[PDB]
Structure formats: structure tokens, C-alpha cells
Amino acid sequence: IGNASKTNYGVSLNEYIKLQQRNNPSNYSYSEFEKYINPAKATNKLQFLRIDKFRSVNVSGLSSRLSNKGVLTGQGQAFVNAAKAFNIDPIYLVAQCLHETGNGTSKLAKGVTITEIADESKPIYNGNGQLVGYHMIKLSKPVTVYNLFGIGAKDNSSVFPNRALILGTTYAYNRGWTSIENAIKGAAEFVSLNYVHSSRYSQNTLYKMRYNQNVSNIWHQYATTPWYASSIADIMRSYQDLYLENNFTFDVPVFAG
């Protein structure tokens, strides 16, 4: 929108695409990066919406719209409560969670009934000195834990193929994510403190979360797919009629050339 501020990336579009390509742990083409980074190719302006403020929504209308979303079905109240607590945009939070959980269907999101948690201070190494486990802690009953964003769920190795599940379920237990409501609050906290309301990072639009405006901070980006911010903005468009007011502010990237 014309009523938008601009954030200078301070390098050319071409230089920025080349920095993203060389820093990404996965290999994507210049072409794939260019069509998602170039702001003139954005069809969906919601990737530039400032999400660092709570915006009122029709809560019952949101619960109704979350029709067939697995563990997130009907959970309008939990999403609005979480967004209000962290002063973030609730339609952004809904869209972020829907994308990250596959519409409420991912293993960690649907809930894992664990009978033990990891002690990460007591790792266990194989013959080739590679990590294969941790000394585990008995729980007095089976506990169902939820993790929407796989927070704490550090990468699987060939020799530890369930590492993300062990650490994702242990992190969820240790945060008290024993309900979908508490897991939604945990997801909102993660994006708020780390990205959206960080005074150091100021990653307060979907575009900025994926494509850091400060080239020195390129390591601090939420995801690696080139289309990540575009995918979440497309989900937000599905829900955009649920706002109760017309208080929208946008921040658009600009490049040196």
C-alpha cells in the first residue's frame, strides 16, 4: 500500500539474492530466490504487514473458520489469547501455526504421549563417538505434550534419526506444553521474543522474518524455503476478513539496485 514505510536492505537485489543462496544450508536457484525476494513480484501485501501489534478479531468467527484443522480445529480463543498476551497479530499467529503444523496434522502438534524425557546433560555416544541418545528420566504417568514449531527439536543425524522428536518432546514437557492452549502460547512467545518484538533483530513482518533486513544478521532467519513468507501470507489472506478494525501498517523492503 502507498501508506507503507520502507526498510533499506543496503545492498542490491542481485547481491542480496547471492547472499541468501550462499548462506542457505539447502541449494536453491537464483531464479527461485529472485521471484520471492523481489518486492515488485509480491502479489500479496500481507507479507509486508507489521505483525508487532495485537489487532482485534472476531474470535467466534475465527473458531468457526478453523473448521478442519486437526488439533487446531475450533481453537480461535487459544490463538487470540496467545496473540494478545504477546502483543502480536492473531491472524499472523494462526497462519504461522497452520503452515508449521500442516493444518494441525504434524506429529509434534497432534500430541506425543511420552513416558520419559531426555537429560541432555548426559549424552550417549556410539563407537564412532557420534551422539545416539541421552540418559532418560521416568515420568510417574504417560503425559501428552504438544510442540507446534518443533522448538528445541534440534536436527536428526543419520545415527540419531529421532533426535528432533526426543528433544522436541522434552522441550515441550519442560515448558509445560501439556495442552494445545499452552503450546499455542509457547509458539507466540517464540516468535515474539526471538523475531517480532526483538529490539536487536526487529523482524516485525513475515518478509523480514524470512529475509533479514540487516545482512550481518542473515543467520537469524525463521526458515530456509524461498517461498516461506509468501506461503504464510497466502494463508493470512483466507482469514483477513476477521479483523474488527482497519488499523494496518506496512513496511516494504527496498534494495540499493
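Quick note: we count residues from 1 along the sequence shown, nothing fancier.
Next item on the list: Output the stretch having the higher mean C-alpha B factor in the entry; the candidates are 87-95 and 160-168.
Entry: On average, C-alpha B-factors are higher across 160-168.
Check: Which is higher in the entry, the mean Cα B factor of 229-237 or that of 11-19?
Finding: The entry gives the higher C-alpha B-factor average to 11-19.
Checklist line | Peak C-alpha temperature factor (PDB record), options 103, 75, 179, 121 | finding: The C-alpha B-factor peaks, among 103, 75, 179, 121, at 121.
Next item on the list: Go through 64, 29, 38, 68 one by one and give the residue whose Cα B-factor in the PDB entry is largest.
Entry: That would be 68.
Checklist line | Chain thirds of CA B-factor: placement of residue 215 | finding: For residue 215, the deposited C-alpha B-factor lands in the middle third.
Check: Of the three thirds of its chain by CA temperature factor, lowest, middle or highest, which one includes residue 136?
Finding: Ranked within chain, residue 136 CA B lands in the highest tercile.
Next item on the list: Can you work out whether the C-alpha temperature factor of residue 117 puts it in the lowest, middle or highest third of the chain?
Entry: As the PDB entry reports it, the C-alpha B-factor of residue 117 lands in the highest third of its chain.
Item checked: Chain-relative CA temperature factor third for residue 82 -> It belongs to the lowest third of the chain when residues are ordered by C-alpha B-factor.
Check: For residue 44, does the deposited CA B-factor place it in the lowest, middle or highest third of the chain?
Finding: It falls in the middle third of the chain.
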